[PDB]
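Structure file model30.pdb (PDB, N, CA and C atoms and all ligand atoms) follows.
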MODEL        1
ATOM      1  N   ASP A 198      -2.939  -5.942   1.714
ATOM      2  CA  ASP A 198      -3.926  -5.200   2.511
ATOM      3  C   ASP A 198      -3.817  -5.505   4.007
ATOM      4  N   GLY A 199      -2.643  -5.212   4.556
ATOM      5  CA  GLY A 199      -2.429  -5.348   5.982
ATOM      6  C   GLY A 199      -2.269  -6.763   6.480
ATOM      7  N   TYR A 200      -2.088  -7.730   5.587
ATOM      8  CA  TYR A 200      -1.856  -9.120   5.955
ATOM      9  C   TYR A 200      -0.499  -9.539   5.418
ATOM     10  N   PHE A 201       0.358 -10.041   6.302
ATOM     11  CA  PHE A 201       1.675 -10.535   5.905
ATOM     12  C   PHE A 201       1.632 -12.055   5.953
ATOM     13  N   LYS A 202       1.865 -12.692   4.817
ATOM     14  CA  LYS A 202       1.761 -14.139   4.746
ATOM     15  C   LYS A 202       3.122 -14.762   4.471
ATOM     16  N   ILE A 203       3.311 -15.974   4.984
ATOM     17  CA  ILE A 203       4.549 -16.712   4.773
ATOM     18  C   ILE A 203       4.199 -18.168   4.520
ATOM     19  N   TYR A 204       4.589 -18.664   3.355
ATOM     20  CA  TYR A 204       4.384 -20.046   2.973
ATOM     21  C   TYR A 204       5.719 -20.767   3.122
ATOM     22  N   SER A 205       5.745 -22.068   2.852
ATOM     23  CA  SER A 205       6.969 -22.832   3.071
ATOM     24  C   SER A 205       6.845 -24.195   2.407
ATOM     25  N   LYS A 206       7.979 -24.886   2.333
ATOM     26  CA  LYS A 206       8.119 -26.259   1.868
ATOM     27  C   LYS A 206       9.569 -26.669   2.080
ATOM     28  N   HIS A 207       9.774 -27.967   2.290
ATOM     29  CA  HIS A 207      11.103 -28.540   2.451
ATOM     30  C   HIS A 207      11.207 -29.760   1.554
ATOM     31  N   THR A 208      12.404 -30.020   1.032
ATOM     32  CA  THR A 208      12.619 -31.203   0.217
ATOM     33  C   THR A 208      14.062 -31.670   0.342
ATOM     34  N   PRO A 209      14.308 -32.975   0.238
ATOM     35  CA  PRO A 209      15.688 -33.460   0.131
ATOM     36  C   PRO A 209      16.164 -33.451  -1.312
ATOM     37  N   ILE A 210      17.405 -33.007  -1.503
ATOM     38  CA  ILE A 210      17.987 -32.898  -2.832
ATOM     39  C   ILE A 210      19.413 -33.430  -2.797
ATOM     40  N   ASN A 211      19.895 -33.834  -3.970
ATOM     41  CA  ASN A 211      21.256 -34.320  -4.140
ATOM     42  C   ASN A 211      22.039 -33.578  -5.210
ATOM     43  N   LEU A 212      21.368 -32.989  -6.197
ATOM     44  CA  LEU A 212      22.063 -32.182  -7.191
ATOM     45  C   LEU A 212      22.665 -30.952  -6.520
ATOM     46  N   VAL A 213      23.816 -30.517  -7.022
ATOM     47  CA  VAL A 213      24.626 -29.539  -6.302
ATOM     48  C   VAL A 213      24.384 -28.115  -6.794
ATOM     49  N   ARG A 214      24.242 -27.913  -8.103
ATOM     50  CA  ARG A 214      24.353 -26.568  -8.663
ATOM     51  C   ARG A 214      23.027 -25.807  -8.676
ATOM     52  N   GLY A 215      22.025 -26.328  -9.385
ATOM     53  CA  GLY A 215      20.832 -25.578  -9.698
ATOM     54  C   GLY A 215      19.552 -26.177  -9.134
ATOM     55  N   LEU A 216      18.477 -25.411  -9.293
ATOM     56  CA  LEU A 216      17.157 -25.884  -8.910
ATOM     57  C   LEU A 216      16.754 -27.062  -9.791
ATOM     58  N   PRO A 217      16.217 -28.129  -9.210
ATOM     59  CA  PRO A 217      15.886 -29.313 -10.004
ATOM     60  C   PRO A 217      14.624 -29.107 -10.823
ATOM     61  N   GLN A 218      14.474 -29.953 -11.843
ATOM     62  CA  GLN A 218      13.287 -29.941 -12.696
ATOM     63  C   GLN A 218      12.127 -30.642 -11.985
ATOM     64  N   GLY A 219      11.761 -30.091 -10.827
ATOM     65  CA  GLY A 219      10.739 -30.682  -9.998
ATOM     66  C   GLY A 219       9.663 -29.675  -9.644
ATOM     67  N   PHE A 220       8.514 -30.209  -9.245
ATOM     68  CA  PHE A 220       7.351 -29.409  -8.898
ATOM     69  C   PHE A 220       6.854 -29.788  -7.512
ATOM     70  N   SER A 221       6.508 -28.774  -6.720
ATOM     71  CA  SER A 221       5.999 -28.995  -5.373
ATOM     72  C   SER A 221       5.324 -27.719  -4.897
ATOM     73  N   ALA A 222       4.097 -27.848  -4.405
ATOM     74  CA  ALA A 222       3.356 -26.692  -3.936
ATOM     75  C   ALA A 222       3.929 -26.191  -2.614
ATOM     76  N   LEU A 223       3.555 -24.970  -2.256
ATOM     77  CA  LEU A 223       3.999 -24.340  -1.017
ATOM     78  C   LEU A 223       2.777 -24.165  -0.123
ATOM     79  N   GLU A 224       2.595 -25.092   0.808
ATOM     80  CA  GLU A 224       1.455 -25.028   1.713
ATOM     81  C   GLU A 224       1.573 -23.802   2.609
ATOM     82  N   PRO A 225       0.475 -23.107   2.896
ATOM     83  CA  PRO A 225       0.559 -21.935   3.768
ATOM     84  C   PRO A 225       1.054 -22.325   5.148
ATOM     85  N   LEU A 226       1.853 -21.448   5.733
ATOM     86  CA  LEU A 226       2.450 -21.726   7.029
ATOM     87  C   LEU A 226       2.028 -20.745   8.106
ATOM     88  N   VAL A 227       2.180 -19.439   7.878
ATOM     89  CA  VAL A 227       1.913 -18.442   8.907
ATOM     90  C   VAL A 227       1.252 -17.225   8.271
ATOM     91  N   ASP A 228       0.288 -16.653   8.991
ATOM     92  CA  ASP A 228      -0.370 -15.428   8.562
ATOM     93  C   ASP A 228      -0.297 -14.418   9.696
ATOM     94  N   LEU A 229      -0.206 -13.141   9.328
ATOM     95  CA  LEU A 229      -0.090 -12.060  10.288
ATOM     96  C   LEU A 229      -1.102 -10.981   9.924
ATOM     97  N   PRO A 230      -1.941 -10.549  10.863
ATOM     98  CA  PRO A 230      -2.878  -9.449  10.613
ATOM     99  C   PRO A 230      -2.267  -8.079  10.898
ATOM    100  N   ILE A 231      -1.084  -7.831  10.345
ATOM    101  CA  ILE A 231      -0.348  -6.594  10.572
ATOM    102  C   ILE A 231       0.150  -6.076   9.230
ATOM    103  N   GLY A 232       0.161  -4.753   9.073
ATOM    104  CA  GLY A 232       0.584  -4.154   7.824
ATOM    105  C   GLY A 232       1.598  -3.035   7.958
ATOM    106  N   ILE A 233       2.765  -3.216   7.339
ATOM    107  CA  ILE A 233       3.772  -2.171   7.196
ATOM    108  C   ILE A 233       4.208  -2.152   5.736
ATOM    109  N   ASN A 234       4.338  -0.950   5.187
ATOM    110  CA  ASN A 234       4.531  -0.791   3.745
ATOM    111  C   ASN A 234       5.988  -1.010   3.350
ATOM    112  N   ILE A 235       6.462  -2.236   3.585
ATOM    113  CA  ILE A 235       7.835  -2.676   3.338
ATOM    114  C   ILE A 235       8.287  -2.309   1.930
ATOM    115  N   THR A 236       9.543  -1.876   1.797
ATOM    116  CA  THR A 236      10.113  -1.588   0.486
ATOM    117  C   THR A 236      11.371  -2.413   0.234
ATOM    118  N   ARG A 237      12.144  -2.688   1.284
ATOM    119  CA  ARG A 237      13.423  -3.375   1.151
ATOM    120  C   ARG A 237      13.570  -4.442   2.229
ATOM    121  N   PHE A 238      14.510  -5.359   1.998
ATOM    122  CA  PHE A 238      14.801  -6.424   2.945
ATOM    123  C   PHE A 238      16.237  -6.892   2.749
ATOM    124  N   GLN A 239      16.743  -7.621   3.743
ATOM    125  CA  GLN A 239      18.116  -8.109   3.736
ATOM    126  C   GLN A 239      18.209  -9.395   4.545
ATOM    127  N   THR A 240      18.952 -10.365   4.023
ATOM    128  CA  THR A 240      19.114 -11.653   4.683
ATOM    129  C   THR A 240      20.272 -11.602   5.671
ATOM    130  N   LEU A 241      20.052 -12.168   6.856
ATOM    131  CA  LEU A 241      21.022 -12.098   7.936
ATOM    132  C   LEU A 241      22.241 -12.974   7.665
ATOM    133  N   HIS A 242      23.240 -12.818   8.531
ATOM    134  CA  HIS A 242      24.500 -13.539   8.457
ATOM    135  C   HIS A 242      24.714 -14.313   9.749
ATOM    136  N   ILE A 243      25.322 -15.492   9.634
ATOM    137  CA  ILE A 243      25.625 -16.315  10.800
ATOM    138  C   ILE A 243      27.135 -16.407  10.956
ATOM    139  N   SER A 244      27.588 -17.050  12.027
ATOM    140  CA  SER A 244      29.017 -17.230  12.255
ATOM    141  C   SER A 244      29.354 -18.702  12.476
TER
ATOM    142  N   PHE B 494      -5.024   9.126  51.490
ATOM    143  CA  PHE B 494      -6.085   8.148  51.705
ATOM    144  C   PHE B 494      -5.913   7.424  53.034
ATOM    145  N   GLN B 495      -6.975   7.420  53.833
ATOM    146  CA  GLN B 495      -7.009   6.771  55.133
ATOM    147  C   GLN B 495      -8.268   5.927  55.249
ATOM    148  N   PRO B 496      -8.227   4.847  56.034
ATOM    149  CA  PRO B 496      -9.446   4.045  56.226
ATOM    150  C   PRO B 496     -10.580   4.826  56.863
ATOM    151  N   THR B 497     -10.267   5.787  57.729
ATOM    152  CA  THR B 497     -11.278   6.618  58.367
ATOM    153  C   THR B 497     -11.824   7.702  57.447
ATOM    154  N   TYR B 498     -11.258   7.863  56.253
ATOM    155  CA  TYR B 498     -11.806   8.806  55.289
ATOM    156  C   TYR B 498     -13.212   8.387  54.887
ATOM    157  N   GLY B 499     -14.112   9.361  54.815
ATOM    158  CA  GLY B 499     -15.495   9.086  54.506
ATOM    159  C   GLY B 499     -15.703   8.763  53.038
ATOM    160  N   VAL B 500     -16.958   8.447  52.710
ATOM    161  CA  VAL B 500     -17.309   8.168  51.327
ATOM    162  C   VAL B 500     -17.058   9.414  50.481
ATOM    163  N   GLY B 501     -16.696   9.194  49.219
ATOM    164  CA  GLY B 501     -16.253  10.269  48.362
ATOM    165  C   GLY B 501     -14.827  10.707  48.600
ATOM    166  N   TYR B 502     -14.166  10.171  49.628
ATOM    167  CA  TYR B 502     -12.780  10.491  49.925
ATOM    168  C   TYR B 502     -11.888   9.265  50.035
ATOM    169  N   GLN B 503     -12.446   8.064  49.942
ATOM    170  CA  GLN B 503     -11.668   6.842  50.028
ATOM    171  C   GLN B 503     -10.990   6.542  48.694
ATOM    172  N   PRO B 504      -9.888   5.790  48.714
ATOM    173  CA  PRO B 504      -9.201   5.450  47.458
ATOM    174  C   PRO B 504     -10.053   4.519  46.610
ATOM    175  N   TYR B 505     -10.437   4.992  45.428
ATOM    176  CA  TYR B 505     -11.215   4.202  44.484
ATOM    177  C   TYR B 505     -10.367   3.901  43.258
ATOM    178  N   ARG B 506     -10.313   2.625  42.885
ATOM    179  CA  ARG B 506      -9.571   2.224  41.700
ATOM    180  C   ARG B 506     -10.401   2.501  40.456
ATOM    181  N   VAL B 507      -9.755   3.061  39.438
ATOM    182  CA  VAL B 507     -10.415   3.546  38.237
ATOM    183  C   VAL B 507      -9.605   3.086  37.035
ATOM    184  N   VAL B 508     -10.269   2.418  36.097
ATOM    185  CA  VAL B 508      -9.642   1.932  34.876
ATOM    186  C   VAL B 508     -10.414   2.503  33.697
ATOM    187  N   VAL B 509      -9.735   3.309  32.891
ATOM    188  CA  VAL B 509     -10.304   3.933  31.705
ATOM    189  C   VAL B 509     -10.015   3.038  30.511
ATOM    190  N   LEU B 510     -11.047   2.756  29.721
ATOM    191  CA  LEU B 510     -10.931   1.939  28.522
ATOM    192  C   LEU B 510     -11.146   2.828  27.305
ATOM    193  N   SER B 511     -10.081   3.046  26.543
ATOM    194  CA  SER B 511     -10.099   3.906  25.367
ATOM    195  C   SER B 511     -10.162   3.036  24.122
ATOM    196  N   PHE B 512     -11.171   3.273  23.291
ATOM    197  CA  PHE B 512     -11.424   2.485  22.094
ATOM    198  C   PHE B 512     -11.110   3.310  20.853
ATOM    199  N   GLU B 513     -10.410   2.689  19.908
ATOM    200  CA  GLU B 513      -9.932   3.360  18.708
ATOM    201  C   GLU B 513     -10.154   2.466  17.494
ATOM    202  N   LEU B 514     -10.274   3.107  16.332
ATOM    203  CA  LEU B 514     -10.797   2.497  15.112
ATOM    204  C   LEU B 514      -9.843   2.703  13.940
ATOM    205  N   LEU B 515      -8.582   2.318  14.118
ATOM    206  CA  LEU B 515      -7.613   2.416  13.037
ATOM    207  C   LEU B 515      -8.033   1.540  11.857
ATOM    208  N   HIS B 516      -7.571   1.924  10.664
ATOM    209  CA  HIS B 516      -7.875   1.169   9.454
ATOM    210  C   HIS B 516      -7.262  -0.225   9.453
ATOM    211  N   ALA B 517      -6.324  -0.508  10.354
ATOM    212  CA  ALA B 517      -5.743  -1.833  10.443
ATOM    213  C   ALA B 517      -6.792  -2.841  10.908
ATOM    214  N   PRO B 518      -6.604  -4.127  10.577
ATOM    215  CA  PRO B 518      -7.582  -5.150  10.976
ATOM    216  C   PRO B 518      -7.886  -5.156  12.466
ATOM    217  N   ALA B 519      -9.167  -5.269  12.810
ATOM    218  CA  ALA B 519      -9.585  -5.338  14.203
ATOM    219  C   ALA B 519      -9.123  -6.651  14.821
ATOM    220  N   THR B 520      -8.661  -6.590  16.070
ATOM    221  CA  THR B 520      -8.096  -7.760  16.735
ATOM    222  C   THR B 520      -8.943  -8.224  17.912
ATOM    223  N   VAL B 521      -9.193  -7.365  18.896
ATOM    224  CA  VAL B 521      -9.962  -7.766  20.072
ATOM    225  C   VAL B 521     -11.447  -7.720  19.723
ATOM    226  N   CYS B 522     -12.161  -8.807  20.011
ATOM    227  CA  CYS B 522     -13.585  -8.902  19.716
ATOM    228  C   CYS B 522     -14.259  -9.729  20.806
ATOM    229  N   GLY B 523     -15.519 -10.089  20.570
ATOM    230  CA  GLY B 523     -16.317 -10.784  21.551
ATOM    231  C   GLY B 523     -16.339 -12.286  21.356
ATOM    232  N   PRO B 524     -17.042 -12.990  22.244
ATOM    233  CA  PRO B 524     -17.055 -14.457  22.187
ATOM    234  C   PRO B 524     -18.069 -15.021  21.203
ATOM    235  N   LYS B 525     -18.193 -16.345  21.191
ATOM    236  CA  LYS B 525     -19.065 -17.074  20.284
ATOM    237  C   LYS B 525     -20.448 -17.267  20.905
ATOM    238  N   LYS B 526     -21.259 -18.102  20.250
ATOM    239  CA  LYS B 526     -22.545 -18.524  20.782
ATOM    240  C   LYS B 526     -22.689 -20.038  20.856
ATOM    241  N   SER B 527     -21.877 -20.790  20.109
ATOM    242  CA  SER B 527     -21.744 -22.238  20.249
ATOM    243  C   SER B 527     -22.984 -23.005  19.803
ATOM    244  N   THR B 528     -24.088 -22.856  20.538
ATOM    245  CA  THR B 528     -25.279 -23.685  20.365
ATOM    246  C   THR B 528     -24.918 -25.165  20.394
ATOM    247  N   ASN B 529     -25.607 -25.978  19.595
ATOM    248  CA  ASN B 529     -25.380 -27.417  19.615
ATOM    249  C   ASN B 529     -25.585 -27.980  18.218
ATOM    250  N   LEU B 530     -24.781 -28.980  17.862
ATOM    251  CA  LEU B 530     -24.867 -29.601  16.548
ATOM    252  C   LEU B 530     -26.078 -30.517  16.451
ATOM    253  N   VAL B 531     -26.878 -30.348  15.403
ATOM    254  CA  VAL B 531     -28.012 -31.218  15.113
ATOM    255  C   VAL B 531     -27.899 -31.690  13.672
ATOM    256  N   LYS B 532     -28.216 -32.959  13.441
ATOM    257  CA  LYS B 532     -28.029 -33.580  12.141
ATOM    258  C   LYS B 532     -29.327 -34.211  11.655
ATOM    259  N   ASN B 533     -29.349 -34.520  10.358
ATOM    260  CA  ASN B 533     -30.468 -35.214   9.718
ATOM    261  C   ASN B 533     -31.777 -34.442   9.871
ATOM    262  N   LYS B 534     -31.696 -33.118   9.759
ATOM    263  CA  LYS B 534     -32.876 -32.258   9.785
ATOM    264  C   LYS B 534     -32.568 -31.005   8.984
ATOM    265  N   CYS B 535     -33.480 -30.618   8.090
ATOM    266  CA  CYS B 535     -33.272 -29.408   7.303
ATOM    267  C   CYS B 535     -33.266 -28.193   8.221
ATOM    268  N   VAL B 536     -32.083 -27.631   8.454
ATOM    269  CA  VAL B 536     -31.904 -26.488   9.343
ATOM    270  C   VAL B 536     -31.115 -25.427   8.594
ATOM    271  N   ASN B 537     -30.732 -24.357   9.281
ATOM    272  CA  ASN B 537     -29.818 -23.373   8.724
ATOM    273  C   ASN B 537     -28.628 -23.192   9.656
ATOM    274  N   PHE B 538     -27.491 -22.823   9.070
ATOM    275  CA  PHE B 538     -26.207 -22.829   9.748
ATOM    276  C   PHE B 538     -25.407 -21.591   9.366
ATOM    277  N   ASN B 539     -24.504 -21.211  10.268
ATOM    278  CA  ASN B 539     -23.687 -20.008  10.140
ATOM    279  C   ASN B 539     -22.237 -20.326  10.498
ATOM    280  N   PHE B 540     -21.682 -21.366   9.879
ATOM    281  CA  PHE B 540     -20.331 -21.800  10.214
ATOM    282  C   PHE B 540     -19.297 -20.774   9.770
ATOM    283  N   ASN B 541     -18.894 -19.895  10.687
ATOM    284  CA  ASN B 541     -17.884 -18.867  10.433
ATOM    285  C   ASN B 541     -18.232 -18.036   9.200
ATOM    286  N   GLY B 542     -19.480 -17.578   9.164
ATOM    287  CA  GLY B 542     -19.966 -16.795   8.051
ATOM    288  C   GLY B 542     -20.398 -17.597   6.846
TER
HETATM  289  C1  LIG C   1       2.035   2.959   3.267
HETATM  290  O1  LIG C   1       2.796   3.771   2.368
HETATM  291  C2  LIG C   1       2.618   5.174   2.611
HETATM  292  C3  LIG C   1       3.354   5.907   1.514
HETATM  293  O2  LIG C   1       2.456   6.647   0.698
HETATM  294  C4  LIG C   1       3.120   5.525   4.010
HETATM  295  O3  LIG C   1       2.869   6.903   4.261
HETATM  296  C5  LIG C   1       2.418   4.672   5.060
HETATM  297  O4  LIG C   1       2.999   4.895   6.339
HETATM  298  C6  LIG C   1       2.519   3.190   4.705
HETATM  299  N1  LIG C   1       1.766   2.386   5.654
HETATM  300  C7  LIG C   1       2.329   1.786   6.707
HETATM  301  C8  LIG C   1       1.404   1.000   7.586
HETATM  302  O5  LIG C   1       3.530   1.871   6.940
ENDMDL
END
Just give me the structure as structure tokens.
Amino acid sequence: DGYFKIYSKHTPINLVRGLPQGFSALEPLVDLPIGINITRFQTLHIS
Amino acid sequence: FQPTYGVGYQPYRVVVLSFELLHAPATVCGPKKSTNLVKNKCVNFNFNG
């Protein structure tokens, strides 16, 4: 309803392949009082 | 516009404020009232609604 929210969390890991059998909440980080009816998205590329 | 121009003919600055009511969340609003904190007395409070 016109609010764009973004949560986050960071952790140190050593296993290489998959997500670990661990639990950790995602504390809220940023809120936006703006609304666009997004349908698609794409992750950027670096060099 | 000249300094010797009479009233009604001098350059007057004019700023029009247009207000609109889109369904999106309202952003610009007014200030608070603050008052003062009082303790150890049965009172009523309005902490952010
Ligand atoms: C929400 O989706 C509708 C599609 O029915 C679209 O017309 C409208 O522009 C969208 N809202 C926003 C803010 O993009």
Written as a PDB file with N, CA and C atoms, keeping the file's coordinate frame, which residues does the PyMOL selection byres ((chain B) within 8 of (chain A)) give for the file shown?
ATOM      1  N   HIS B 516      -7.571   1.924  10.664  1.00  0.00           N
ATOM      2  CA  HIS B 516      -7.875   1.169   9.454  1.00  0.00           C
ATOM      3  C   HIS B 516      -7.262  -0.225   9.453  1.00  0.00           C
ATOM      4  N   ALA B 517      -6.324  -0.508  10.354  1.00  0.00           N
ATOM      5  CA  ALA B 517      -5.743  -1.833  10.443  1.00  0.00           C
ATOM      6  C   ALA B 517      -6.792  -2.841  10.908  1.00  0.00           C
ATOM      7  N   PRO B 518      -6.604  -4.127  10.577  1.00  0.00           N
ATOM      8  CA  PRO B 518      -7.582  -5.150  10.976  1.00  0.00           C
ATOM      9  C   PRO B 518      -7.886  -5.156  12.466  1.00  0.00           C
ATOM     10  N   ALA B 519      -9.167  -5.269  12.810  1.00  0.00           N
ATOM     11  CA  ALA B 519      -9.585  -5.338  14.203  1.00  0.00           C
ATOM     12  C   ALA B 519      -9.123  -6.651  14.821  1.00  0.00           C
TER      13      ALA B 519
END
Go through A:212, A:235, A:243, A:226 one by one, measure the shortest atom-to-atom distance of each to ligand LIG 1 (chain C) using only N, CA and C atoms and all ligand atoms, and give the residue with the smallest value.
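The shortest atom-to-atom distance to ligand LIG 1 (chain C) comes from A:235.
Taking all atoms listed in the file into account, ligand LIG 1 (chain C) lies nearest to A:233 out of the set A:238, A:244, A:220, A:233.
Considering only chain A, backbone DSSP assigns strand (DSSP E) to residues 201, 202, 203, 204, 205, 224, 225, 226, 227, 228 and 229 of chain A.
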Residue subset to file, keeping N, CA and C atoms, as a PDB file, in the frame of the given file:
ATOM      1  N   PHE A 201       0.358 -10.041   6.302  1.00  0.00           N
ATOM      2  CA  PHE A 201       1.675 -10.535   5.905  1.00  0.00           C
ATOM      3  C   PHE A 201       1.632 -12.055   5.953  1.00  0.00           C
ATOM      4  N   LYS A 202       1.865 -12.692   4.817  1.00  0.00           N
ATOM      5  CA  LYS A 202       1.761 -14.139   4.746  1.00  0.00           C
ATOM      6  C   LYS A 202       3.122 -14.762   4.471  1.00  0.00           C
ATOM      7  N   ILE A 203       3.311 -15.974   4.984  1.00  0.00           N
ATOM      8  CA  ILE A 203       4.549 -16.712   4.773  1.00  0.00           C
ATOM      9  C   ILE A 203       4.199 -18.168   4.520  1.00  0.00           C
ATOM     10  N   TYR A 204       4.589 -18.664   3.355  1.00  0.00           N
ATOM     11  CA  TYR A 204       4.384 -20.046   2.973  1.00  0.00           C
ATOM     12  C   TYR A 204       5.719 -20.767   3.122  1.00  0.00           C
ATOM     13  N   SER A 205       5.745 -22.068   2.852  1.00  0.00           N
ATOM     14  CA  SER A 205       6.969 -22.832   3.071  1.00  0.00           C
ATOM     15  C   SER A 205       6.845 -24.195   2.407  1.00  0.00           C
ATOM     16  N   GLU A 224       2.595 -25.092   0.808  1.00  0.00           N
ATOM     17  CA  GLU A 224       1.455 -25.028   1.713  1.00  0.00           C
ATOM     18  C   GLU A 224       1.573 -23.802   2.609  1.00  0.00           C
ATOM     19  N   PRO A 225       0.475 -23.107   2.896  1.00  0.00           N
ATOM     20  CA  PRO A 225       0.559 -21.935   3.768  1.00  0.00           C
ATOM     21  C   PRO A 225       1.054 -22.325   5.148  1.00  0.00           C
ATOM     22  N   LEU A 226       1.853 -21.448   5.733  1.00  0.00           N
ATOM     23  CA  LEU A 226       2.450 -21.726   7.029  1.00  0.00           C
ATOM     24  C   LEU A 226       2.028 -20.745   8.106  1.00  0.00           C
ATOM     25  N   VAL A 227       2.180 -19.439   7.878  1.00  0.00           N
ATOM     26  CA  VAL A 227       1.913 -18.442   8.907  1.00  0.00           C
ATOM     27  C   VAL A 227       1.252 -17.225   8.271  1.00  0.00           C
ATOM     28  N   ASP A 228       0.288 -16.653   8.991  1.00  0.00           N
ATOM     29  CA  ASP A 228      -0.370 -15.428   8.562  1.00  0.00           C
ATOM     30  C   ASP A 228      -0.297 -14.418   9.696  1.00  0.00           C
ATOM     31  N   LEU A 229      -0.206 -13.141   9.328  1.00  0.00           N
ATOM     32  CA  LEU A 229      -0.090 -12.060  10.288  1.00  0.00           C
ATOM     33  C   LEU A 229      -1.102 -10.981   9.924  1.00  0.00           C
TER      34      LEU A 229
END
Find the residues around residue 207 in chain A up to 8 Å (all atoms listed in the file counted), leave out those fewer than 3 positions away in its own chain, and share them as a list in words.
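Near neighbours after the sequence-gap exclusion: residues 210, 222, 223 and 224 of chain A.
Coordinates place CA of residue 513 in chain B at a distance of 18.7 Å from atom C6 of ligand LIG 1 (chain C).
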Calculate how many Å separate CA of residue 203 in chain A from CA of residue 229 in chain A, rounding to one decimal.
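About the pair CA of residue 203 in chain A and CA of residue 229 in chain A: they are 8.6 Å apart.
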Let me know the centre plus edge lengths, in Å and rounded to one decimal, of a box with edges along x, y and z that contains all listed atoms of ligand LIG 1 (chain C) and is padded by 6 Å on every side, as JSON.
{"center_x": 2.5, "center_y": 4.0, "center_z": 4.1, "size_x": 14.1, "size_y": 17.9, "size_z": 18.9}
Give as a JSON list (two decimals) with N, CA and C atoms, in the frame of the given file the residues that the PyMOL selection byres (((chain B and resi 521-527 and name CA) around 12) and not hetatm and name CA) matches when applied to the coordinates above.
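File written: expr.json
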[["chain", "number", "residue", "atom", "x", "y", "z"],
["A", 230, "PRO", "N", -1.94, -10.55, 10.86],
["A", 230, "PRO", "CA", -2.88, -9.45, 10.61],
["A", 230, "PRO", "C", -2.27, -8.08, 10.90],
["B", 512, "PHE", "N", -11.17, 3.27, 23.29],
["B", 512, "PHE", "CA", -11.42, 2.48, 22.09],
["B", 512, "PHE", "C", -11.11, 3.31, 20.85],
["B", 513, "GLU", "N", -10.41, 2.69, 19.91],
["B", 513, "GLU", "CA", -9.93, 3.36, 18.71],
["B", 513, "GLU", "C", -10.15, 2.47, 17.49],
["B", 514, "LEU", "N", -10.27, 3.11, 16.33],
["B", 514, "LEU", "CA", -10.80, 2.50, 15.11],
["B", 514, "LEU", "C", -9.84, 2.70, 13.94],
["B", 518, "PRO", "N", -6.60, -4.13, 10.58],
["B", 518, "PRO", "CA", -7.58, -5.15, 10.98],
["B", 518, "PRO", "C", -7.89, -5.16, 12.47],
["B", 519, "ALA", "N", -9.17, -5.27, 12.81],
["B", 519, "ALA", "CA", -9.59, -5.34, 14.20],
["B", 519, "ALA", "C", -9.12, -6.65, 14.82],
["B", 520, "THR", "N", -8.66, -6.59, 16.07],
["B", 520, "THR", "CA", -8.10, -7.76, 16.74],
["B", 520, "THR", "C", -8.94, -8.22, 17.91],
["B", 528, "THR", "N", -24.09, -22.86, 20.54],
["B", 528, "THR", "CA", -25.28, -23.68, 20.36],
["B", 528, "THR", "C", -24.92, -25.16, 20.39],
["B", 529, "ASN", "N", -25.61, -25.98, 19.60],
["B", 529, "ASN", "CA", -25.38, -27.42, 19.61],
["B", 529, "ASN", "C", -25.58, -27.98, 18.22],
["B", 530, "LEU", "N", -24.78, -28.98, 17.86],
["B", 530, "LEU", "CA", -24.87, -29.60, 16.55],
["B", 530, "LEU", "C", -26.08, -30.52, 16.45],
["B", 538, "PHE", "N", -27.49, -22.82, 9.07],
["B", 538, "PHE", "CA", -26.21, -22.83, 9.75],
["B", 538, "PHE", "C", -25.41, -21.59, 9.37],
["B", 539, "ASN", "N", -24.50, -21.21, 10.27],
["B", 539, "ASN", "CA", -23.69, -20.01, 10.14],
["B", 539, "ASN", "C", -22.24, -20.33, 10.50],
["B", 540, "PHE", "N", -21.68, -21.37, 9.88],
["B", 540, "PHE", "CA", -20.33, -21.80, 10.21],
["B", 540, "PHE", "C", -19.30, -20.77, 9.77],
["B", 541, "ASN", "N", -18.89, -19.90, 10.69],
["B", 541, "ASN", "CA", -17.88, -18.87, 10.43],
["B", 541, "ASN", "C", -18.23, -18.04, 9.20]]
Which of these residues is nearest to ligand LIG 1 (chain C), using all atoms listed in the file: A:218, A:234, A:211, A:205?
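Among the listed residues, the smallest separation from ligand LIG 1 (chain C) belongs to A:234.
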Suppose you want the space between atom N of residue 227 in chain A and atom N of residue 202 in chain A; what is it in Å?
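Between these atoms lies a distance of 7.4 Å.
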One residue among A:208, A:228, A:221, A:201 is nearest to ligand LIG 1 (chain C) when using only C-alpha atoms and all ligand atoms, and that residue is A:201
